[PDB]
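Below: query-v1.tsv (TSV, C-alpha atoms and all ligand atoms)
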```tsv
chain	number	residue	atom	x	y	z
A	403	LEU	CA	-72.71	-45.58	-79.08
A	404	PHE	CA	-74.71	-42.90	-77.32
A	405	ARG	CA	-77.93	-43.95	-79.04
A	406	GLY	CA	-77.48	-47.57	-77.97
A	407	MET	CA	-76.58	-46.71	-74.39
A	408	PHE	CA	-79.57	-44.40	-74.15
A	409	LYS	CA	-81.83	-47.17	-75.43
A	410	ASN	CA	-80.35	-49.49	-72.82
A	411	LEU	CA	-81.13	-46.92	-70.15
A	412	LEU	CA	-84.70	-46.65	-71.40
A	413	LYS	CA	-85.13	-50.42	-71.27
A	414	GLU	CA	-83.72	-50.52	-67.75
A	415	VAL	CA	-86.13	-47.90	-66.46
A	416	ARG	CA	-88.98	-49.62	-68.29
A	417	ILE	CA	-88.38	-52.93	-66.55
A	418	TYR	CA	-87.78	-51.17	-63.24
A	419	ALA	CA	-91.12	-49.35	-63.35
A	420	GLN	CA	-92.88	-52.48	-64.59
A	421	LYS	CA	-91.64	-54.46	-61.61
A	422	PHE	CA	-92.63	-51.66	-59.25
A	423	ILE	CA	-96.12	-51.08	-60.65
A	424	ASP	CA	-96.84	-54.83	-60.60
A	425	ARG	CA	-97.02	-54.50	-56.81
A	426	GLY	CA	-99.32	-51.52	-57.38
A	427	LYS	CA	-96.86	-49.14	-55.74
A	428	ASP	CA	-95.39	-46.04	-57.34
A	429	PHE	CA	-91.82	-46.26	-58.59
A	430	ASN	CA	-89.06	-43.72	-58.05
A	431	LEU	CA	-87.23	-42.68	-61.20
A	432	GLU	CA	-84.24	-41.72	-59.06
A	433	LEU	CA	-83.52	-45.41	-58.47
A	434	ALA	CA	-84.83	-46.34	-61.93
A	435	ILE	CA	-82.01	-44.62	-63.83
A	436	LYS	CA	-78.71	-46.49	-63.61
A	437	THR	CA	-75.59	-44.37	-63.85
A	438	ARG	CA	-73.46	-47.43	-64.68
A	439	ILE	CA	-74.78	-47.40	-68.27
A	440	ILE	CA	-73.64	-44.11	-69.79
A	441	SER	CA	-70.43	-43.46	-67.87
A	442	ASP	CA	-69.32	-47.09	-67.75
A	443	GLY	CA	-70.27	-47.65	-71.37
A	444	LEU	CA	-68.29	-44.66	-72.62
A	445	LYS	CA	-65.30	-45.55	-70.45
A	446	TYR	CA	-65.29	-49.11	-71.79
A	447	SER	CA	-65.66	-48.11	-75.43
A	448	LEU	CA	-62.95	-45.45	-75.33
A	449	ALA	CA	-60.54	-47.61	-73.30
A	450	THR	CA	-60.79	-51.11	-74.78
B	16	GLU	CA	-54.58	-4.63	-108.25
B	17	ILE	CA	-53.40	-8.06	-109.39
B	18	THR	CA	-50.14	-9.43	-107.94
B	19	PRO	CA	-47.78	-10.43	-110.76
B	20	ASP	CA	-44.56	-12.25	-110.03
B	21	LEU	CA	-44.57	-11.03	-106.44
B	22	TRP	CA	-46.60	-14.08	-105.45
B	23	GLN	CA	-44.36	-16.60	-103.69
B	24	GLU	CA	-44.45	-14.40	-100.61
B	25	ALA	CA	-48.12	-13.47	-100.89
B	26	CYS	CA	-48.86	-17.16	-101.32
B	27	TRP	CA	-47.72	-18.02	-97.79
B	28	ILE	CA	-49.43	-15.17	-95.95
B	29	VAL	CA	-52.80	-16.75	-96.75
B	30	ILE	CA	-51.47	-20.09	-95.52
B	31	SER	CA	-50.27	-18.46	-92.32
B	32	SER	CA	-53.65	-16.82	-91.78
B	33	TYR	CA	-55.43	-20.13	-92.30
B	34	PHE	CA	-53.19	-22.05	-89.92
B	35	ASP	CA	-53.58	-19.26	-87.38
B	36	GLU	CA	-57.37	-19.13	-87.52
B	37	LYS	CA	-57.86	-22.91	-87.67
B	38	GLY	CA	-55.47	-25.24	-85.89
B	39	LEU	CA	-54.09	-28.51	-87.18
B	40	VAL	CA	-56.60	-30.63	-85.26
B	41	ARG	CA	-59.52	-28.28	-85.82
B	42	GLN	CA	-61.66	-31.00	-87.41
B	43	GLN	CA	-61.60	-33.11	-84.24
B	44	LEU	CA	-62.61	-30.19	-82.04
B	45	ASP	CA	-65.34	-29.08	-84.43
B	46	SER	CA	-66.78	-32.59	-84.69
B	47	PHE	CA	-66.80	-33.06	-80.93
B	48	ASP	CA	-68.30	-29.65	-80.30
B	49	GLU	CA	-71.06	-30.27	-82.83
B	50	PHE	CA	-71.75	-33.57	-81.11
B	51	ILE	CA	-72.02	-31.95	-77.68
B	52	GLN	CA	-74.01	-29.09	-79.19
B	53	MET	CA	-76.70	-30.88	-81.16
B	54	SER	CA	-76.26	-34.64	-81.41
B	55	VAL	CA	-76.98	-35.35	-77.75
B	56	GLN	CA	-80.06	-33.13	-77.70
B	57	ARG	CA	-81.29	-34.75	-80.91
B	58	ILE	CA	-80.88	-38.27	-79.55
B	59	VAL	CA	-82.56	-37.49	-76.24
B	60	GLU	CA	-85.45	-35.68	-77.92
B	61	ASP	CA	-86.28	-38.09	-80.75
B	62	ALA	CA	-86.56	-41.05	-78.37
B	63	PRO	CA	-90.25	-41.95	-77.99
B	64	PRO	CA	-92.08	-41.60	-74.67
B	65	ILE	CA	-92.57	-44.64	-72.44
B	66	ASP	CA	-95.90	-46.08	-71.29
B	67	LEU	CA	-97.12	-49.08	-69.31
B	81	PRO	CA	-103.54	-50.78	-65.40
B	82	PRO	CA	-102.83	-47.06	-65.02
B	83	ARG	CA	-99.94	-45.81	-67.14
B	84	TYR	CA	-97.68	-42.79	-67.44
B	85	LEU	CA	-95.77	-40.80	-70.06
B	86	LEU	CA	-92.37	-39.92	-68.53
B	87	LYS	CA	-90.97	-37.67	-71.25
B	88	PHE	CA	-87.43	-36.24	-71.43
B	89	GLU	CA	-85.99	-32.97	-72.70
B	90	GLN	CA	-83.63	-30.02	-72.12
B	91	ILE	CA	-80.28	-31.59	-71.35
B	92	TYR	CA	-77.63	-29.72	-69.37
B	93	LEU	CA	-73.88	-30.28	-69.25
B	94	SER	CA	-71.56	-28.73	-66.66
B	95	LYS	CA	-67.80	-28.32	-66.47
B	96	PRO	CA	-65.53	-31.19	-65.37
B	97	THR	CA	-65.49	-31.87	-61.64
B	98	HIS	CA	-64.02	-34.51	-59.33
B	99	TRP	CA	-66.38	-34.72	-56.34
B	100	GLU	CA	-69.58	-33.72	-58.11
B	102	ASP	CA	-65.34	-37.37	-48.66
B	103	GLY	CA	-64.66	-34.41	-50.92
B	104	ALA	CA	-66.34	-31.23	-52.07
B	105	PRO	CA	-66.86	-30.52	-55.78
B	106	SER	CA	-63.83	-28.95	-57.45
B	107	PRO	CA	-62.76	-28.46	-61.06
B	108	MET	CA	-60.45	-31.30	-62.08
B	109	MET	CA	-57.71	-30.11	-64.36
B	110	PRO	CA	-56.53	-32.37	-67.20
B	111	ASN	CA	-53.07	-32.77	-65.70
B	112	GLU	CA	-54.59	-33.80	-62.38
B	113	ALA	CA	-56.72	-36.44	-64.07
B	114	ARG	CA	-53.79	-37.66	-66.15
B	115	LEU	CA	-51.54	-37.96	-63.10
B	116	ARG	CA	-54.17	-39.67	-60.91
B	117	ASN	CA	-55.59	-42.03	-63.55
B	118	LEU	CA	-58.97	-40.31	-63.57
B	119	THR	CA	-61.64	-40.11	-66.25
B	120	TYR	CA	-61.64	-36.50	-67.44
B	121	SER	CA	-65.40	-36.16	-67.80
B	122	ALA	CA	-68.27	-33.91	-66.78
B	123	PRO	CA	-71.74	-34.75	-65.48
B	124	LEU	CA	-74.72	-34.77	-67.82
B	125	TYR	CA	-78.20	-33.70	-66.74
B	126	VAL	CA	-81.60	-33.87	-68.37
B	127	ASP	CA	-84.86	-32.30	-67.25
B	128	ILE	CA	-87.50	-35.03	-67.05
B	129	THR	CA	-91.28	-34.59	-66.82
B	130	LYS	CA	-92.95	-37.58	-65.18
B	131	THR	CA	-96.70	-37.69	-65.88
B	132	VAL	CA	-98.83	-40.60	-64.68
B	133	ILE	CA	-102.52	-40.82	-65.55
B	134	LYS	CA	-104.98	-43.24	-63.97
B	135	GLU	CA	-108.74	-43.66	-63.64
B	136	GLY	CA	-110.63	-40.67	-62.31
B	137	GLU	CA	-108.93	-38.14	-64.60
B	138	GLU	CA	-106.02	-37.24	-62.34
B	139	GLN	CA	-102.45	-36.76	-63.54
B	140	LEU	CA	-99.54	-34.67	-62.32
B	141	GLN	CA	-96.44	-33.41	-64.11
B	142	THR	CA	-94.10	-34.27	-61.24
B	143	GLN	CA	-91.09	-33.17	-63.26
B	144	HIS	CA	-87.57	-33.48	-61.84
B	145	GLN	CA	-84.99	-30.85	-62.70
B	146	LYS	CA	-81.42	-31.77	-63.64
B	147	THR	CA	-81.73	-35.48	-62.97
B	148	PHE	CA	-78.13	-36.68	-63.10
B	149	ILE	CA	-77.68	-39.22	-65.90
B	150	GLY	CA	-73.99	-39.96	-66.27
B	151	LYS	CA	-70.58	-38.58	-67.12
B	152	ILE	CA	-69.41	-37.75	-70.64
B	153	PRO	CA	-65.65	-37.49	-71.28
B	154	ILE	CA	-64.57	-34.09	-72.62
B	155	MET	CA	-61.85	-33.53	-75.23
B	156	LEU	CA	-59.07	-31.16	-74.24
B	157	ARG	CA	-59.33	-27.67	-75.72
B	158	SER	CA	-62.99	-27.90	-76.67
B	159	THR	CA	-65.93	-25.60	-76.18
B	160	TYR	CA	-66.59	-27.37	-72.85
C	596	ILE	CA	-77.91	-18.57	-96.43
C	597	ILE	CA	-75.57	-21.50	-97.22
C	598	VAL	CA	-72.64	-22.27	-94.96
C	599	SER	CA	-69.23	-22.66	-96.56
C	600	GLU	CA	-69.16	-26.46	-96.13
C	601	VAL	CA	-72.16	-27.16	-98.36
C	602	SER	CA	-71.18	-28.24	-101.86
C	603	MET	CA	-73.10	-27.93	-105.12
C	604	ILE	CA	-72.22	-30.37	-107.89
C	605	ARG	CA	-73.38	-29.63	-111.43
C	606	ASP	CA	-73.63	-32.73	-113.62
C	607	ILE	CA	-73.55	-31.50	-117.21
C	608	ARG	CA	-73.78	-34.69	-119.27
C	609	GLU	CA	-76.94	-35.71	-117.40
C	610	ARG	CA	-78.97	-32.85	-116.02
C	611	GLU	CA	-78.52	-33.48	-112.29
C	612	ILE	CA	-77.59	-30.96	-109.58
C	613	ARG	CA	-76.63	-32.81	-106.40
C	614	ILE	CA	-76.05	-30.77	-103.23
C	615	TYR	CA	-74.56	-32.33	-100.10
C	616	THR	CA	-74.54	-30.94	-96.56
C	617	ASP	CA	-73.96	-33.95	-94.29
C	618	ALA	CA	-70.75	-34.25	-92.31
C	619	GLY	CA	-67.56	-36.06	-93.25
C	620	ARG	CA	-67.27	-34.64	-96.78
C	621	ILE	CA	-63.54	-34.07	-96.82
C	622	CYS	CA	-62.80	-30.77	-98.55
C	623	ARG	CA	-60.15	-28.09	-98.91
C	624	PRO	CA	-59.98	-24.38	-99.77
C	625	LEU	CA	-59.00	-22.93	-103.14
C	626	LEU	CA	-58.79	-19.48	-104.67
C	627	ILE	CA	-61.43	-18.33	-107.11
C	628	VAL	CA	-60.59	-17.13	-110.62
C	629	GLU	CA	-63.32	-15.27	-112.47
C	630	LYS	CA	-62.10	-15.06	-116.08
C	631	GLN	CA	-58.31	-15.25	-116.17
C	632	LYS	CA	-57.46	-13.28	-113.04
C	633	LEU	CA	-57.62	-14.00	-109.35
C	634	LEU	CA	-59.86	-12.30	-106.84
C	635	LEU	CA	-56.95	-12.23	-104.35
C	636	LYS	CA	-55.68	-8.74	-105.13
C	637	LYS	CA	-53.07	-6.61	-103.37
C	638	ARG	CA	-55.76	-5.09	-101.15
C	639	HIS	CA	-56.42	-8.45	-99.50
C	640	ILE	CA	-52.74	-9.27	-99.12
C	641	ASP	CA	-52.10	-5.91	-97.48
C	642	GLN	CA	-54.99	-6.13	-95.05
C	643	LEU	CA	-53.95	-9.67	-94.16
C	644	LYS	CA	-50.27	-8.85	-93.72
C	645	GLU	CA	-51.36	-6.40	-91.00
C	646	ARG	CA	-53.18	-9.14	-89.13
C	647	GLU	CA	-52.44	-9.91	-85.50
C	648	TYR	CA	-52.39	-6.14	-85.02
C	649	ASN	CA	-55.98	-5.25	-85.83
C	650	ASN	CA	-58.29	-8.25	-86.33
C	651	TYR	CA	-57.90	-9.54	-89.88
C	652	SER	CA	-58.07	-13.29	-90.40
C	653	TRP	CA	-59.03	-16.12	-92.73
C	654	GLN	CA	-62.73	-15.60	-92.08
C	655	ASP	CA	-62.40	-12.21	-93.78
C	656	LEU	CA	-61.12	-13.89	-96.94
C	657	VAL	CA	-63.85	-16.51	-96.85
C	658	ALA	CA	-66.52	-13.84	-96.44
C	659	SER	CA	-65.11	-11.48	-99.06
C	660	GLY	CA	-65.51	-14.22	-101.65
C	661	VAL	CA	-61.88	-14.87	-102.58
C	662	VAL	CA	-61.46	-18.43	-101.27
C	663	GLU	CA	-63.90	-21.31	-101.32
C	664	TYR	CA	-64.10	-24.82	-99.92
C	665	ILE	CA	-64.47	-27.49	-102.62
C	666	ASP	CA	-65.15	-31.07	-101.58
C	667	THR	CA	-63.78	-34.02	-103.50
C	668	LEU	CA	-67.14	-34.78	-105.10
C	669	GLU	CA	-67.26	-31.21	-106.44
C	670	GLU	CA	-63.56	-31.11	-107.31
C	671	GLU	CA	-64.28	-33.33	-110.32
C	672	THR	CA	-66.09	-30.47	-112.09
C	673	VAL	CA	-63.63	-27.58	-111.79
C	674	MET	CA	-60.73	-26.69	-114.08
C	675	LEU	CA	-58.14	-26.29	-111.35
C	676	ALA	CA	-54.86	-24.45	-111.91
C	677	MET	CA	-51.49	-24.89	-110.22
C	678	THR	CA	-49.96	-21.42	-109.94
C	679	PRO	CA	-51.73	-18.19	-110.82
C	680	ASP	CA	-49.20	-16.42	-112.98
C	681	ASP	CA	-47.65	-19.34	-114.82
C	682	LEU	CA	-50.80	-21.04	-116.11
C	683	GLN	CA	-52.75	-17.99	-117.25
C	684	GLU	CA	-50.61	-15.44	-119.05
C	685	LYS	CA	-51.02	-16.23	-122.76
C	686	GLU	CA	-49.84	-19.26	-124.73
C	687	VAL	CA	-51.17	-22.02	-126.95
C	688	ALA	CA	-54.83	-22.14	-125.99
C	689	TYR	CA	-54.92	-24.98	-123.47
C	690	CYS	CA	-58.05	-24.38	-121.40
C	691	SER	CA	-58.08	-20.61	-120.83
C	692	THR	CA	-61.16	-21.28	-118.67
D	10	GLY	CA	-86.85	-49.09	-137.67
D	11	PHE	CA	-87.83	-49.89	-134.09
D	12	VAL	CA	-90.97	-50.69	-132.09
D	13	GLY	CA	-92.38	-48.54	-129.30
D	14	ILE	CA	-94.77	-49.65	-126.59
D	15	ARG	CA	-98.42	-48.73	-127.12
D	16	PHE	CA	-100.58	-48.78	-124.02
D	17	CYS	CA	-104.23	-49.69	-123.69
D	18	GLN	CA	-106.93	-47.06	-124.00
D	19	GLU	CA	-109.08	-48.11	-121.04
D	20	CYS	CA	-106.73	-50.03	-118.75
D	21	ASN	CA	-103.56	-48.23	-119.93
D	22	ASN	CA	-101.31	-51.26	-119.84
D	23	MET	CA	-98.86	-53.09	-122.05
D	24	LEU	CA	-100.50	-54.27	-125.27
D	25	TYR	CA	-99.23	-57.61	-126.54
D	26	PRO	CA	-99.38	-58.61	-130.22
D	27	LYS	CA	-101.84	-61.10	-131.68
D	28	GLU	CA	-102.19	-62.58	-135.17
D	29	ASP	CA	-105.86	-62.58	-136.19
D	30	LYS	CA	-106.34	-66.14	-137.43
D	31	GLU	CA	-109.75	-65.23	-138.85
D	32	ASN	CA	-109.00	-62.03	-140.75
D	33	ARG	CA	-105.31	-62.98	-141.05
D	34	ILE	CA	-104.01	-59.66	-139.74
D	35	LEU	CA	-101.99	-58.27	-136.84
D	36	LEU	CA	-103.74	-57.07	-133.68
D	37	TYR	CA	-102.68	-55.67	-130.31
D	38	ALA	CA	-104.66	-56.88	-127.30
D	39	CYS	CA	-104.63	-56.11	-123.59
D	40	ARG	CA	-103.95	-58.82	-121.04
D	41	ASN	CA	-106.60	-57.42	-118.71
D	42	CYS	CA	-108.91	-55.41	-120.95
D	43	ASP	CA	-110.45	-56.84	-124.11
D	44	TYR	CA	-109.27	-53.83	-126.10
D	45	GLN	CA	-108.22	-54.54	-129.67
D	46	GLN	CA	-106.67	-52.31	-132.30
D	47	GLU	CA	-105.43	-52.97	-135.81
D	48	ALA	CA	-101.65	-52.78	-136.01
D	49	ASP	CA	-99.83	-50.64	-138.56
D	50	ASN	CA	-96.08	-51.09	-138.10
D	51	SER	CA	-96.10	-54.78	-139.14
D	52	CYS	CA	-93.08	-55.47	-136.93
D	53	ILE	CA	-92.79	-57.00	-133.46
D	54	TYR	CA	-89.17	-57.22	-132.36
D	55	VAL	CA	-85.84	-56.11	-133.77
D	56	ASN	CA	-82.35	-56.80	-132.46
D	57	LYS	CA	-79.27	-54.73	-133.31
D	58	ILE	CA	-76.31	-57.06	-132.85
D	59	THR	CA	-73.86	-54.36	-133.93
D	60	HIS	CA	-75.67	-51.86	-131.66
D	61	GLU	CA	-75.08	-49.08	-134.19
D	62	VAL	CA	-76.15	-46.15	-131.99
D	63	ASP	CA	-75.66	-42.54	-133.11
D	64	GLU	CA	-73.82	-40.76	-130.31
D	65	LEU	CA	-75.11	-37.42	-131.62
D	66	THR	CA	-78.62	-38.38	-130.50
D	67	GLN	CA	-77.24	-38.73	-126.96
D	68	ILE	CA	-75.16	-35.54	-126.87
D	69	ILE	CA	-76.99	-32.50	-125.51
D	70	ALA	CA	-76.48	-28.81	-126.17
D	71	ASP	CA	-75.92	-28.03	-122.49
D	72	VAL	CA	-72.44	-29.59	-122.63
D	73	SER	CA	-71.28	-26.37	-124.31
D	74	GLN	CA	-71.34	-24.40	-121.04
D	75	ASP	CA	-68.81	-26.72	-119.39
D	76	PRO	CA	-65.73	-25.17	-117.72
D	77	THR	CA	-63.66	-28.36	-117.90
D	78	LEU	CA	-64.06	-29.14	-121.60
D	79	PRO	CA	-61.52	-28.16	-124.28
D	80	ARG	CA	-62.26	-25.42	-126.78
D	81	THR	CA	-61.05	-24.87	-130.33
D	82	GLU	CA	-61.69	-22.33	-133.07
D	83	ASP	CA	-60.67	-24.44	-136.08
D	84	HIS	CA	-64.10	-26.10	-136.36
D	85	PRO	CA	-66.66	-23.30	-136.62
D	86	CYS	CA	-70.32	-24.12	-136.43
D	87	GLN	CA	-72.38	-24.60	-139.59
D	88	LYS	CA	-75.80	-23.09	-138.91
D	89	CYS	CA	-74.67	-20.08	-136.90
D	90	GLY	CA	-71.11	-20.21	-138.20
D	91	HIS	CA	-69.65	-19.30	-134.82
D	92	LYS	CA	-65.95	-19.83	-134.20
D	93	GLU	CA	-65.69	-21.24	-130.67
D	94	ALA	CA	-66.58	-24.89	-130.23
D	95	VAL	CA	-65.96	-27.79	-127.86
D	96	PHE	CA	-64.95	-31.35	-128.60
D	97	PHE	CA	-64.86	-34.61	-126.68
D	98	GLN	CA	-64.92	-38.37	-127.17
D	99	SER	CA	-67.96	-40.64	-127.04
D	100	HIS	CA	-67.68	-40.66	-123.22
D	101	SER	CA	-69.96	-43.70	-123.45
D	102	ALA	CA	-69.12	-47.11	-122.04
D	103	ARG	CA	-68.93	-50.06	-124.42
D	104	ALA	CA	-67.11	-47.90	-126.97
D	105	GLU	CA	-66.33	-50.54	-129.56
D	106	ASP	CA	-63.17	-48.99	-130.98
D	107	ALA	CA	-63.20	-45.28	-131.80
D	108	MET	CA	-62.00	-41.92	-130.53
D	109	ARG	CA	-63.92	-40.00	-133.18
D	110	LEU	CA	-64.77	-36.63	-131.68
D	111	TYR	CA	-68.11	-34.87	-131.46
D	112	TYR	CA	-67.78	-31.12	-131.84
D	113	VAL	CA	-70.50	-29.02	-130.23
D	114	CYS	CA	-70.96	-25.35	-131.07
D	115	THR	CA	-70.31	-22.93	-128.21
D	116	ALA	CA	-73.02	-20.29	-128.36
D	117	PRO	CA	-76.52	-19.73	-126.97
D	118	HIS	CA	-79.59	-20.66	-129.00
D	119	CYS	CA	-77.55	-22.82	-131.41
D	120	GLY	CA	-76.75	-26.06	-129.60
D	121	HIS	CA	-75.42	-27.40	-132.88
D	122	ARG	CA	-73.46	-30.64	-132.95
D	123	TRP	CA	-71.48	-32.33	-135.68
D	124	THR	CA	-68.60	-34.73	-136.23
D	125	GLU	CA	-65.61	-34.72	-138.52
E	1	ZN	ZN	-106.52	-53.07	-122.16
E	2	ZN	ZN	-73.40	-22.73	-133.95
```

Would you encode the structure as structure tokens?
Amino acid sequence: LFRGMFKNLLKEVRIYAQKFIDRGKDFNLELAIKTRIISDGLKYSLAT
Amino acid sequence: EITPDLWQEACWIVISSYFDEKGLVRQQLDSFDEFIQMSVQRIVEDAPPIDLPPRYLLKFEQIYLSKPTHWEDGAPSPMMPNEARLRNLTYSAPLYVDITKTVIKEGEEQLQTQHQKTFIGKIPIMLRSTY
Amino acid sequence: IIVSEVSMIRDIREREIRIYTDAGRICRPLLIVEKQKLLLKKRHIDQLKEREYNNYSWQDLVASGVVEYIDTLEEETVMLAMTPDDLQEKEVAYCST
Amino acid sequence: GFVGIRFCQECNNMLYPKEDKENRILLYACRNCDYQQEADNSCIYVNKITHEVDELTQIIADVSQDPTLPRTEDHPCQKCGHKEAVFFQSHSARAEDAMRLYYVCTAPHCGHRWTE
């Protein structure tokens, strides 16, 4: 599960940066990473 | 010297030593510790860099994992398993990874604006583990 | 050089030595028996019976070379024995190996 | 008798058979190369319906040094005349109907095998 969630996080940051650079501005990785992937994903898998 | 016919007793001392050194659930703890020791680092390292007009590398490495905490309107404090059990909390600890952001554009100018201990998420921790 | 979990399987009929180190290989510990006699001698039993007072533990036995973890895939190529004394003294030649 | 594959000399491939209509003889050609060679075995294909295979040709000397294989002394070797020896069944699938043993001598440098 960790591999898949990490890939999801990578895809999220990819699209985030893409959207930001399209305007020519620099993106902030702080907002690019979403915490609701790893923690939420693990909670869901172990609970359901 | 060999142990003839006085061996029923000597047979159970070795069993007692084994069950003392390694618990009943030792396999679970070992598996989880090995995960937290190597698997996470392996997964975060083997993932390829990311690139995207001017582009950038944005490479990851050097994870860190701290002890469980509640308020990582409250200050950080170590959450005990009974506390989490009694308050319906997720007994987990934060996970950090050191990230090196490098963007290169025309004019031969890039900067390794790395960020230390960028919080990623929370990983649940098994009771009576190495962490 | 080789941790205790690794397992070496010797395939006699077809010359193949297959060694496995990945995780999950369910295994268990057994005593070693060189010719017809165990390596677990009174010395080991004594040192172990005084455990919990000095420091002696299972790891000492594993290091000394008296016990050994065999995994199921290796268990198929070992002439196991049930109890030391009973199955080794001297009788009709069953396996004696 | 059997037939074993013979590969080409230049292209090193499977050589098919060919009946020389002119000289009325048997030749082996190459699909790709034009290599020819006069055959000598005068056979092409043989089928063994009974599949009479000698298990001794499959047994190997190394089986002797097996810790999970029975040992007897009542069947000493022939060449070396040693006493210890091992025995086992065909251990081969498709065993038609037989538990005839195959004794193998237990000693280095002998590797002798026989059946009784
Ligand atoms: Zn040819
Ligand atoms: Zn012989």

Produce a table with one row for each residue of chain D that has an atom at most 9 Å from any atom of ligand ZN 2 (chain E), each row naming the nearest atom pair and its distance in Å at one decimal; use only C-alpha atoms and all ligand atoms; arrange rows by chain and rising residue number; format as a Markdown table.
```
| residue | atom | partner | partner_atom | distance |
| --- | --- | --- | --- | --- |
| D:85 | CA | E:ZN2 | ZN | 7.3 |
| D:86 | CA | E:ZN2 | ZN | 4.2 |
| D:87 | CA | E:ZN2 | ZN | 6.0 |
| D:88 | CA | E:ZN2 | ZN | 5.5 |
| D:89 | CA | E:ZN2 | ZN | 4.2 |
| D:90 | CA | E:ZN2 | ZN | 5.4 |
| D:91 | CA | E:ZN2 | ZN | 5.2 |
| D:92 | CA | E:ZN2 | ZN | 8.0 |
| D:93 | CA | E:ZN2 | ZN | 8.5 |
| D:94 | CA | E:ZN2 | ZN | 8.1 |
| D:113 | CA | E:ZN2 | ZN | 7.9 |
| D:114 | CA | E:ZN2 | ZN | 4.6 |
| D:115 | CA | E:ZN2 | ZN | 6.5 |
| D:116 | CA | E:ZN2 | ZN | 6.1 |
| D:117 | CA | E:ZN2 | ZN | 8.2 |
| D:118 | CA | E:ZN2 | ZN | 8.2 |
| D:119 | CA | E:ZN2 | ZN | 4.9 |
| D:120 | CA | E:ZN2 | ZN | 6.4 |
| D:121 | CA | E:ZN2 | ZN | 5.2 |
| D:122 | CA | E:ZN2 | ZN | 8.0 |
```

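Put simply, atom CA of residue C:666 is 23.5 Å away from atom CA of residue B:53.
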
**OP:** Give the residue list for ligand ZN 1 (chain E) at 12 Å, counting all atoms listed in the file, as a ChimeraX atom specification, sorted by chain and then by residue number.
**Re:** /D:15-25,37-46

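Neighbouring residues of residue D:62 at 12 Å or closer, counting all atoms listed in the file and skipping chain neighbours under 6 positions away, are residues 68, 99, 101, 103, 104 and 105 of chain D.
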
Original post:
Hey, what's within 8 Å of residue D:76 if we count all atoms listed in the file and toss same-chain stuff fewer than 4 positions away? As number ranges by chain, please?
Top reply: C: 672-674, 692

Go ahead and write the selection's residues with C-alpha atoms as a compact mmCIF listing (two decimals), in the frame of the given file.
```
# COMPACT_ATOMS: atom_id res chain seq x y z
CA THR C 672 -66.09 -30.47 -112.09
CA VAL C 673 -63.63 -27.58 -111.79
CA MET C 674 -60.73 -26.69 -114.08
CA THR C 692 -61.16 -21.28 -118.67
```

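The point (-74.1, -42.5, -71.6) has these residues within 10 Å of it, counting all atoms listed in the file: residues 403, 404, 405, 406, 407, 408, 409, 410, 411, 437, 438, 439, 440, 441, 442, 443, 444 and 445 of chain A; 55, 124, 149, 150, 151, 152 and 153 of chain B.
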
Please save C-alpha atoms of the selected residues as a PDB file, in the coordinates of the input.
```pdb
ATOM      1  CA  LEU A 403     -72.710 -45.580 -79.080  1.00  0.00           C
ATOM      2  CA  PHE A 404     -74.710 -42.900 -77.320  1.00  0.00           C
ATOM      3  CA  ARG A 405     -77.930 -43.950 -79.040  1.00  0.00           C
ATOM      4  CA  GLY A 406     -77.480 -47.570 -77.970  1.00  0.00           C
ATOM      5  CA  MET A 407     -76.580 -46.710 -74.390  1.00  0.00           C
ATOM      6  CA  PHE A 408     -79.570 -44.400 -74.150  1.00  0.00           C
ATOM      7  CA  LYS A 409     -81.830 -47.170 -75.430  1.00  0.00           C
ATOM      8  CA  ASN A 410     -80.350 -49.490 -72.820  1.00  0.00           C
ATOM      9  CA  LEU A 411     -81.130 -46.920 -70.150  1.00  0.00           C
ATOM     10  CA  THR A 437     -75.590 -44.370 -63.850  1.00  0.00           C
ATOM     11  CA  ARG A 438     -73.460 -47.430 -64.680  1.00  0.00           C
ATOM     12  CA  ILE A 439     -74.780 -47.400 -68.270  1.00  0.00           C
ATOM     13  CA  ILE A 440     -73.640 -44.110 -69.790  1.00  0.00           C
ATOM     14  CA  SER A 441     -70.430 -43.460 -67.870  1.00  0.00           C
ATOM     15  CA  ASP A 442     -69.320 -47.090 -67.750  1.00  0.00           C
ATOM     16  CA  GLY A 443     -70.270 -47.650 -71.370  1.00  0.00           C
ATOM     17  CA  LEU A 444     -68.290 -44.660 -72.620  1.00  0.00           C
ATOM     18  CA  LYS A 445     -65.300 -45.550 -70.450  1.00  0.00           C
TER      19      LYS A 445
ATOM     20  CA  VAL B  55     -76.980 -35.350 -77.750  1.00  0.00           C
ATOM     21  CA  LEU B 124     -74.720 -34.770 -67.820  1.00  0.00           C
ATOM     22  CA  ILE B 149     -77.680 -39.220 -65.900  1.00  0.00           C
ATOM     23  CA  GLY B 150     -73.990 -39.960 -66.270  1.00  0.00           C
ATOM     24  CA  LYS B 151     -70.580 -38.580 -67.120  1.00  0.00           C
ATOM     25  CA  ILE B 152     -69.410 -37.750 -70.640  1.00  0.00           C
ATOM     26  CA  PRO B 153     -65.650 -37.490 -71.280  1.00  0.00           C
TER      27      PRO B 153
END
```

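Straight-line separation from atom CA of residue B:84 to atom CA of residue A:429: 11.2 Å.
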
**OP:** Determine, counting only C-alpha atoms, every residue of protein, DNA or RNA that lies within 12 Å of (-75.2, -25.5, -95.1) in the file coordinates, then give the result as a ChimeraX atom specification.
**Re:** /C:596-603,614-618

**OP:** Using all atoms listed in the file, find the one residue out of A:446, A:427, A:416, A:421 that sits nearest to chain B.
**Re:** A:416

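Using all atoms listed in the file for every distance, the candidate list C:644, C:662, C:657, C:677 yields C:644 as the residue closest to chain B.
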
Using all atoms listed in the file, tabulate the residues of chain D lying at most 8 Å from any atom of chain C, each with its closest atom pair and that distance in Å to one decimal, by chain and increasing residue number, as a tab-separated table.
```
residue	atom	partner	partner_atom	distance
D:68	CA	C:608	CA	7.8
D:69	CA	C:608	CA	7.4
D:71	CA	C:607	CA	6.7
D:72	CA	C:607	CA	5.9
D:75	CA	C:607	CA	7.1
D:76	CA	C:692	CA	6.1
D:77	CA	C:674	CA	5.1
D:78	CA	C:690	CA	7.7
D:79	CA	C:690	CA	5.9
D:80	CA	C:690	CA	6.9
```
